[PDB]
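Undergrad: Coordinates only, no sequence provided:
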């Protein structure tokens, strides 16, 4: 969103960070995510104690 | 147009710092078979060019006291013009340890002179282990113990110094070579403890039979008479090792970041100070040195550069003098705290 | 493709990676002997299978 605003020529300063987040993006839309991927069992290690 | 906009994840990686490498061994060697460098970075790999004695050299160098040396560099050329090609290839590629198995005394002297020339010019202090050097330099290392008996076999001084090179490379920075017992060594020539003390005062490294084992006498430099500015801590190769690593990392990162890329300015000076402070915090967290002191703009060097620019000392504020133009020149004040390893302990228990 | 020649297999791999990189069509293919440097294609180098 900051890059879009810079490309639009708008000076980034003198506005709220929340305002920056909620600023109009035109037709463009920008988002950020992150996911956690589960795996399968392929290696098993155990130690026996006498 | 009609943005058919893409929906992709970002391929992620873990951040890793990549400061100047340490513990590498550059060992140039001579042979008449398959002349050329062997770059033996994989362990227990013996190219057929290197002879049986060279094979034993590899076996000694590969194994260390605590760890395996990070990387072993082996070169092969004819016995003639060893020094020229060694100098050229060591200039081509950086190193942390240097040892010539077949160095003559003249070759050892030439190696020492070239090493000190680089340390004066490149400003990066390096180390070199040699069989018998009486030189007054700290980076060079001398081991004055002949007829070393390792596993019931005749060993030249060069062979065991090459072994010690890998031993030191495998030594972690938190650990010192002090009282490092060698299981492989079976016997050393008998010698008085007073002689050992005298040799330590000279700075020569030798072997001692202590605690029922053959151990390292000292980690002191081969330099004989340290100047007043250096002090006894500079005699320790372990202590100077972290200084050399710090200088190498600092110069490398400065070349990476500051030369040309950023024009020098007061804000740039503040950013450089912040980066240096971050580096000092990194060193402190490394726990190799304590490093309580902080690096700041040397106002004495600042005054020197204002004198060079000719700006008056008077009528301008201390801060104003400090924040004045620095041109292309950069001035810093280096003060740190260097931490030492525990070697001798006293208490007085009481009844 | 049971009877794809190595040229045909290479063309298949190139088309598949082209879709996966531009058309964003995430599809997978399996081939017998392909040293391709992509994950969408699948290589199974086992011969004389009984």
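TA: That came through, no problem. Residues are numbered from 1 along each chain as shown, chains lettered A, B, ... in the order given.
Undergrad: got the contact list for whichever residue of chain A sits closest to chain C?
TA: Among the residues of chain A, residue A:37 lies nearest to chain C; the distance is 14.8 Å by Cβ to the nearest Cβ. Placement of C-beta: from N, CA and C, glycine included. Remark: with contacts taken as Cβ atoms under 8 Å, 6 or more residues apart in numbering or on different chains, residue A:37 is in contact with nothing.
Undergrad: Surely it is in a strand?
TA: No: the assignment for residue A:37 is coil, going by DSSP: H, G, I helix; E, B strand; the rest coil, so no strand is present there.
Undergrad: For the spatially most central residue of chain A, what are phi and psi?
TA: When chain A is reduced to its mean C-alpha position, the nearest residue by Cα atoms, centre = their mean turns out to be residue A:32, at 2.9 Å. Reported as degrees, to the nearest 10, the phi and psi values for residue A:32 are phi -140, psi 140.
Undergrad: start to end distance for stretch A:17-35?
TA: Taking Cα to Cα, to the nearest Å, the first and last residues of stretch A:17-35 lie 25 Å apart.
Undergrad: Determine how far that stretch lies from the middle of the whole chain.
TA: For stretch A:17-35, the gap between its own C-alpha mean and the chain's C-alpha mean amounts to 10 Å (Cα atoms, centre = their mean, to the nearest Å).
Undergrad: can you list contacts of it?
TA: Contacts made with stretch A:17-35 from outside it, assessed by Cβ under 8 Å, 6+ apart, are listed as A:1-2, A:4-5, A:12, A:15, B:3, B:9.
Undergrad: From those residues, list just the buried residues.
TA: Neighbour-count burial (16 or more other Cβ atoms under 10 Å in any protein chain shown) is assigned, among the contacts of stretch A:17-35, to A:1, A:5.
Undergrad: Of all pairs in the contacts of stretch A:17-35, which one is the farthest apart?
TA: Maximum pairwise distance in the contacts of stretch A:17-35, criterion Cβ to Cβ, is 30.2 Å, between A:15 and B:9.
Undergrad: So residue A:6: helix, strand or coil?
TA: Under three-state DSSP, residue A:6 falls in the helix class.
Undergrad: For it, which non-adjacent residue is spatially closest?
TA: For residue A:6, the nearest residue in space outside its immediate sequence neighbours is residue A:12; the separation is 6.8 Å by Cβ to Cβ, 6 or more residues apart in numbering or on different chains.
Undergrad: and that neighbour, what element?
TA: Mapping residue A:12 onto the secondary structure by DSSP states H and E places it in no helix or strand at all.
Undergrad: mind listing what it touches?
TA: A:2, A:5-6, A:20.
Undergrad: Relative to chain B, which of those is nearest.
TA: For chain B, the nearest member of the contacts of residue A:12 is residue A:2. The distance, counting by Cβ to the nearest Cβ, is 16.9 Å.
Undergrad: Phi first, then psi, for that closest one.
TA: phi -60, psi -40.
Undergrad: which residues touch it?
TA: Residue A:2 sits next to A:12, A:20 when contact means Cβ under 8 Å, 6+ apart.
Undergrad: what's the helix or strand for residue A:19?
TA: Secondary structure assigned from DSSP H and E places residue A:19 in helix A:17-22.
Undergrad: ok, now residue A:49?
TA: Assigned by DSSP H and E, residue A:49 falls outside every helix and strand.
Undergrad: quick one, phi/psi of it?
TA: Comment: the main-chain dihedrals of residue A:49 come out as phi -120, psi 120, following degrees, to the nearest 10.
Undergrad: Same check on residue A:31?
TA: Here residue A:31 shows phi and psi, under degrees, to the nearest 10, equal to phi -150, psi 160.
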